[PDB]
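Visitor: Below is upload29.pdb; it holds PDB, C-alpha atoms.
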```pdb
ATOM      1  CA  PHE A  50      -6.240  26.703   5.261  1.00  0.00           C
ATOM      2  CA  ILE A  51      -4.059  23.693   6.079  1.00  0.00           C
ATOM      3  CA  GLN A  52      -4.975  23.457   9.757  1.00  0.00           C
ATOM      4  CA  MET A  53      -8.746  24.072   9.483  1.00  0.00           C
ATOM      5  CA  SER A  54     -10.116  24.337   5.938  1.00  0.00           C
ATOM      6  CA  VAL A  55      -8.745  20.997   4.687  1.00  0.00           C
ATOM      7  CA  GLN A  56     -10.069  19.009   7.653  1.00  0.00           C
ATOM      8  CA  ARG A  57     -13.398  20.847   7.535  1.00  0.00           C
ATOM      9  CA  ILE A  58     -13.796  20.166   3.800  1.00  0.00           C
ATOM     10  CA  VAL A  59     -13.068  16.485   4.448  1.00  0.00           C
ATOM     11  CA  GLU A  60     -15.515  16.182   7.346  1.00  0.00           C
ATOM     12  CA  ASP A  61     -18.189  18.166   5.471  1.00  0.00           C
ATOM     13  CA  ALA A  62     -17.996  15.664   2.598  1.00  0.00           C
ATOM     14  CA  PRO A  63     -21.157  13.500   2.427  1.00  0.00           C
ATOM     15  CA  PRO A  64     -20.153   9.899   3.255  1.00  0.00           C
ATOM     16  CA  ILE A  65     -20.306   7.904   0.035  1.00  0.00           C
ATOM     17  CA  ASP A  66     -22.904   5.120   0.127  1.00  0.00           C
ATOM     18  CA  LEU A  67     -23.011   2.381  -2.513  1.00  0.00           C
ATOM     19  CA  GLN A  68     -25.542  -0.373  -3.145  1.00  0.00           C
ATOM     20  CA  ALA A  69     -26.021  -3.239  -5.579  1.00  0.00           C
ATOM     21  CA  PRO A  81     -27.888  -6.164  -0.674  1.00  0.00           C
ATOM     22  CA  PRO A  82     -24.193  -5.238  -0.272  1.00  0.00           C
ATOM     23  CA  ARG A  83     -24.309  -1.769   1.305  1.00  0.00           C
ATOM     24  CA  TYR A  84     -20.865  -0.142   1.247  1.00  0.00           C
ATOM     25  CA  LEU A  85     -20.159   3.032   3.228  1.00  0.00           C
ATOM     26  CA  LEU A  86     -17.071   5.247   3.036  1.00  0.00           C
ATOM     27  CA  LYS A  87     -16.020   7.842   5.604  1.00  0.00           C
ATOM     28  CA  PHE A  88     -12.995  10.133   5.898  1.00  0.00           C
ATOM     29  CA  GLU A  89     -11.983  10.924   9.485  1.00  0.00           C
ATOM     30  CA  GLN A  90      -8.403  12.245   9.939  1.00  0.00           C
ATOM     31  CA  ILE A  91      -5.861  13.963   7.682  1.00  0.00           C
ATOM     32  CA  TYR A  92      -2.077  14.059   7.534  1.00  0.00           C
ATOM     33  CA  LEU A  93       0.609  15.995   5.732  1.00  0.00           C
ATOM     34  CA  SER A  94       4.242  14.968   5.791  1.00  0.00           C
ATOM     35  CA  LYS A  95       7.028  17.480   5.285  1.00  0.00           C
ATOM     36  CA  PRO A  96       7.783  18.463   1.665  1.00  0.00           C
ATOM     37  CA  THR A  97       9.394  15.230   0.468  1.00  0.00           C
ATOM     38  CA  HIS A  98      10.784  14.287  -2.943  1.00  0.00           C
ATOM     39  CA  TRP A  99      10.222  10.721  -4.125  1.00  0.00           C
ATOM     40  CA  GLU A 100      13.043   9.677  -6.438  1.00  0.00           C
ATOM     41  CA  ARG A 101      12.519   7.468  -9.495  1.00  0.00           C
ATOM     42  CA  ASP A 102      12.976   4.372  -7.318  1.00  0.00           C
ATOM     43  CA  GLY A 103      10.575   5.886  -4.773  1.00  0.00           C
ATOM     44  CA  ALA A 104      13.170   6.959  -2.222  1.00  0.00           C
ATOM     45  CA  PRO A 105      11.671   9.678   0.024  1.00  0.00           C
ATOM     46  CA  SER A 106      14.134  12.478   0.774  1.00  0.00           C
ATOM     47  CA  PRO A 107      13.595  15.901   2.408  1.00  0.00           C
ATOM     48  CA  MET A 108      13.330  18.300  -0.533  1.00  0.00           C
ATOM     49  CA  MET A 109      14.907  21.691   0.083  1.00  0.00           C
ATOM     50  CA  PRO A 110      13.207  24.531  -1.869  1.00  0.00           C
ATOM     51  CA  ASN A 111      16.406  25.430  -3.721  1.00  0.00           C
ATOM     52  CA  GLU A 112      16.333  21.928  -5.197  1.00  0.00           C
ATOM     53  CA  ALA A 113      12.790  22.658  -6.392  1.00  0.00           C
ATOM     54  CA  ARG A 114      14.037  25.831  -8.082  1.00  0.00           C
ATOM     55  CA  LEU A 115      17.054  24.093  -9.584  1.00  0.00           C
ATOM     56  CA  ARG A 116      15.474  20.759 -10.599  1.00  0.00           C
ATOM     57  CA  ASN A 117      12.159  22.266 -11.855  1.00  0.00           C
ATOM     58  CA  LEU A 118      10.210  20.349  -9.200  1.00  0.00           C
ATOM     59  CA  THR A 119       7.001  21.500  -7.533  1.00  0.00           C
ATOM     60  CA  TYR A 120       7.695  22.182  -3.856  1.00  0.00           C
ATOM     61  CA  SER A 121       4.876  20.005  -2.511  1.00  0.00           C
ATOM     62  CA  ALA A 122       4.022  17.806   0.492  1.00  0.00           C
ATOM     63  CA  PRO A 123       2.103  14.487   0.340  1.00  0.00           C
ATOM     64  CA  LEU A 124      -1.394  14.346   1.827  1.00  0.00           C
ATOM     65  CA  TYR A 125      -3.021  11.289   3.438  1.00  0.00           C
ATOM     66  CA  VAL A 126      -6.388  10.435   5.009  1.00  0.00           C
ATOM     67  CA  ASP A 127      -7.628   7.720   7.357  1.00  0.00           C
ATOM     68  CA  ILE A 128     -10.573   6.042   5.588  1.00  0.00           C
ATOM     69  CA  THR A 129     -13.186   3.858   7.307  1.00  0.00           C
ATOM     70  CA  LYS A 130     -14.988   1.486   4.927  1.00  0.00           C
ATOM     71  CA  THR A 131     -18.031  -0.174   6.500  1.00  0.00           C
ATOM     72  CA  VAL A 132     -19.769  -2.816   4.358  1.00  0.00           C
ATOM     73  CA  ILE A 133     -23.149  -4.311   5.344  1.00  0.00           C
ATOM     74  CA  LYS A 134     -24.281  -7.500   3.560  1.00  0.00           C
ATOM     75  CA  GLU A 135     -28.078  -7.723   4.032  1.00  0.00           C
ATOM     76  CA  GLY A 136     -27.971  -9.050   7.553  1.00  0.00           C
ATOM     77  CA  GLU A 137     -25.829  -6.400   9.335  1.00  0.00           C
ATOM     78  CA  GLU A 138     -22.611  -8.495   9.214  1.00  0.00           C
ATOM     79  CA  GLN A 139     -20.736  -5.209   9.212  1.00  0.00           C
ATOM     80  CA  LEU A 140     -17.086  -5.370   8.175  1.00  0.00           C
ATOM     81  CA  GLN A 141     -15.637  -1.992   9.219  1.00  0.00           C
ATOM     82  CA  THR A 142     -12.115  -1.879   7.822  1.00  0.00           C
ATOM     83  CA  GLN A 143      -9.843   1.123   8.316  1.00  0.00           C
ATOM     84  CA  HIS A 144      -7.022   2.200   6.001  1.00  0.00           C
ATOM     85  CA  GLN A 145      -4.384   4.396   7.662  1.00  0.00           C
ATOM     86  CA  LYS A 146      -2.216   6.985   5.891  1.00  0.00           C
ATOM     87  CA  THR A 147      -3.998   6.499   2.540  1.00  0.00           C
TER
ATOM     88  CA  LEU B 393     -10.078  39.891   0.183  1.00  0.00           C
ATOM     89  CA  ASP B 394      -9.906  36.195  -0.622  1.00  0.00           C
ATOM     90  CA  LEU B 395      -6.286  35.296   0.146  1.00  0.00           C
ATOM     91  CA  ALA B 396      -4.556  31.983  -0.642  1.00  0.00           C
ATOM     92  CA  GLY B 397      -6.526  30.281   2.125  1.00  0.00           C
ATOM     93  CA  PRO B 398     -10.172  30.392   1.003  1.00  0.00           C
ATOM     94  CA  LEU B 399      -8.962  30.341  -2.614  1.00  0.00           C
ATOM     95  CA  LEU B 400      -7.283  26.963  -2.159  1.00  0.00           C
ATOM     96  CA  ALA B 401     -10.297  25.924  -0.080  1.00  0.00           C
ATOM     97  CA  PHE B 402     -12.507  26.522  -3.135  1.00  0.00           C
ATOM     98  CA  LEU B 403     -10.219  24.631  -5.523  1.00  0.00           C
ATOM     99  CA  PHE B 404      -9.634  21.789  -3.058  1.00  0.00           C
ATOM    100  CA  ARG B 405     -13.389  21.477  -2.510  1.00  0.00           C
ATOM    101  CA  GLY B 406     -13.919  21.121  -6.255  1.00  0.00           C
ATOM    102  CA  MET B 407     -11.168  18.532  -6.616  1.00  0.00           C
ATOM    103  CA  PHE B 408     -12.407  16.603  -3.572  1.00  0.00           C
ATOM    104  CA  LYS B 409     -15.835  16.493  -5.232  1.00  0.00           C
ATOM    105  CA  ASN B 410     -14.206  15.117  -8.386  1.00  0.00           C
ATOM    106  CA  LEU B 411     -12.276  12.505  -6.375  1.00  0.00           C
ATOM    107  CA  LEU B 412     -15.461  11.373  -4.632  1.00  0.00           C
ATOM    108  CA  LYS B 413     -17.225  11.070  -7.997  1.00  0.00           C
ATOM    109  CA  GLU B 414     -14.287   9.042  -9.364  1.00  0.00           C
ATOM    110  CA  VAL B 415     -14.265   6.542  -6.502  1.00  0.00           C
ATOM    111  CA  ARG B 416     -18.067   6.348  -6.727  1.00  0.00           C
ATOM    112  CA  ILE B 417     -17.836   5.330 -10.395  1.00  0.00           C
ATOM    113  CA  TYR B 418     -15.026   2.830  -9.747  1.00  0.00           C
ATOM    114  CA  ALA B 419     -16.680   1.121  -6.780  1.00  0.00           C
ATOM    115  CA  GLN B 420     -20.026   1.095  -8.603  1.00  0.00           C
ATOM    116  CA  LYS B 421     -18.350  -0.662 -11.537  1.00  0.00           C
ATOM    117  CA  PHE B 422     -16.797  -3.275  -9.259  1.00  0.00           C
ATOM    118  CA  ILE B 423     -20.032  -3.791  -7.300  1.00  0.00           C
ATOM    119  CA  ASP B 424     -22.132  -4.196 -10.448  1.00  0.00           C
ATOM    120  CA  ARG B 425     -19.723  -6.918 -11.578  1.00  0.00           C
ATOM    121  CA  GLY B 426     -20.689  -8.643  -8.308  1.00  0.00           C
ATOM    122  CA  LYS B 427     -17.465  -8.329  -6.330  1.00  0.00           C
ATOM    123  CA  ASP B 428     -15.999  -6.121  -3.613  1.00  0.00           C
ATOM    124  CA  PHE B 429     -13.671  -3.356  -4.793  1.00  0.00           C
ATOM    125  CA  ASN B 430     -10.165  -2.471  -3.610  1.00  0.00           C
ATOM    126  CA  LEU B 431     -10.008   0.941  -1.948  1.00  0.00           C
ATOM    127  CA  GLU B 432      -6.386   1.671  -2.912  1.00  0.00           C
ATOM    128  CA  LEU B 433      -7.067   1.348  -6.651  1.00  0.00           C
ATOM    129  CA  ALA B 434     -10.135   3.594  -6.293  1.00  0.00           C
ATOM    130  CA  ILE B 435      -8.134   6.737  -5.571  1.00  0.00           C
ATOM    131  CA  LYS B 436      -6.699   8.609  -8.562  1.00  0.00           C
ATOM    132  CA  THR B 437      -4.341  11.023  -6.844  1.00  0.00           C
ATOM    133  CA  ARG B 438      -3.524  12.983 -10.015  1.00  0.00           C
ATOM    134  CA  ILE B 439      -6.999  14.570  -9.832  1.00  0.00           C
ATOM    135  CA  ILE B 440      -5.748  16.720  -6.949  1.00  0.00           C
ATOM    136  CA  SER B 441      -1.972  16.995  -7.356  1.00  0.00           C
TER
ATOM    137  CA  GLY C 253      -7.030  19.778  13.333  1.00  0.00           C
ATOM    138  CA  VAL C 254      -4.617  18.159  10.904  1.00  0.00           C
ATOM    139  CA  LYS C 255      -1.744  16.098  12.340  1.00  0.00           C
ATOM    140  CA  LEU C 256       1.816  16.118  11.043  1.00  0.00           C
ATOM    141  CA  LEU C 257       3.833  12.997  10.117  1.00  0.00           C
ATOM    142  CA  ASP C 258       7.617  12.535  10.148  1.00  0.00           C
ATOM    143  CA  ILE C 259       9.472  11.197   7.112  1.00  0.00           C
ATOM    144  CA  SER C 260      10.155   7.870   8.864  1.00  0.00           C
ATOM    145  CA  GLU C 261       6.407   7.052   9.034  1.00  0.00           C
ATOM    146  CA  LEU C 262       6.146   7.360   5.220  1.00  0.00           C
ATOM    147  CA  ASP C 263       6.086   3.754   4.068  1.00  0.00           C
ATOM    148  CA  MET C 264       7.678   2.952   0.730  1.00  0.00           C
ATOM    149  CA  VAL C 265       4.327   2.370  -0.993  1.00  0.00           C
ATOM    150  CA  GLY C 266       4.982   5.181  -3.485  1.00  0.00           C
ATOM    151  CA  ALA C 267       7.661   2.956  -5.063  1.00  0.00           C
ATOM    152  CA  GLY C 268       5.538  -0.199  -5.294  1.00  0.00           C
TER
END
```
Taking this structure as input, can you express it in the form of structure tokens?
Guide:
Amino acid sequence: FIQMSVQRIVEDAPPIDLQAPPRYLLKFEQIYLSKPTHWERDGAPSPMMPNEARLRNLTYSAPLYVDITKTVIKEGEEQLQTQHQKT
Amino acid sequence: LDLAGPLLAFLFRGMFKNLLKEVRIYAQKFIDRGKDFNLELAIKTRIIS
Amino acid sequence: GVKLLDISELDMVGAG
């Protein structure tokens, strides 16, 4: 499920198109998971051992990120294709 | 026998649909005000997690 | 296929 189903669900998503003209397009290309990491109150990432999750009543979970390509046309094909990494 | 794999595939597909609808509404709101949206503020991560 | 990231490539954006 992690290796195949997640990436396939992402790629099978219809690319979102938005219109007022300004024609915005969104696409999701690549996926990442870090190791199971606990973010403290101050946002300090630390490797979370499962026994901590038992003891501290935390959910033993890993963050998930996606590379997102946003391509905006502006009625005249001046395409700005930005990419956001590890979103 | 649906194991954890296709089960979580089903739930994740539903929540991905909800996330896409959320960012659609947000970016549509910002576009109809006549200004480009910020992609980071579009995502509401708590839909999935 | 999905790539893995190490903990050092996690920027501190979750705190900001």
Visitor: Residues of chain C that approach chain A to 7 Å or less, counting only C-alpha atoms: could you list each one with the shortest pair of atoms and its distance in Å to one decimal, rows by chain and increasing residue number, as CSV?
Guide:
```
residue,atom,partner,partner_atom,distance
C:253,CA,A:52,CA,5.5
C:254,CA,A:52,CA,5.4
C:255,CA,A:92,CA,5.2
C:256,CA,A:93,CA,5.4
C:257,CA,A:94,CA,4.8
C:258,CA,A:94,CA,6.0
C:259,CA,A:94,CA,6.6
C:264,CA,A:103,CA,6.9
C:266,CA,A:103,CA,5.8
C:267,CA,A:103,CA,4.1
```
Visitor: Which residues would end up in the selection if the PyMOL selection byres ((chain B and resi 413-426) around 9) were applied here, given that I need the answer as a PyMOL selection string?
Guide: (chain A and resi 65-69+82) or (chain B and resi 408-412+427-431+433-436)
Visitor: Just give me the gap between atom CA of residue A:144 and atom CA of residue A:63 in Å, one decimal is fine.
Guide: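 These two atoms are separated by 18.4 Å.
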Visitor: What is the atom CA of residue B:404 to atom CA of residue B:438 distance in Å?
Guide: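 These two atoms are separated by 12.8 Å.
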Visitor: Could you tell me how far atom CA of residue A:128 sits from atom CA of residue A:61, in Å to one decimal place?
Guide: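 Rounded to one decimal, the two atoms are 14.3 Å apart.
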Visitor: I'd like the contact shell of residue B:395 - 12 Å cut-off, only C-alpha atoms, skipping same-chain residues fewer than 6 positions apart - returned as a PyMOL selection string.
Guide: (chain A and resi 50) or (chain B and resi 401-402)
Visitor: From the list A:130, A:116, A:136, A:145, which residue is nearest residue A:84 when using all atoms listed in the file?
Guide: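 Among the listed residues, the smallest separation from residue A:84 belongs to A:130.
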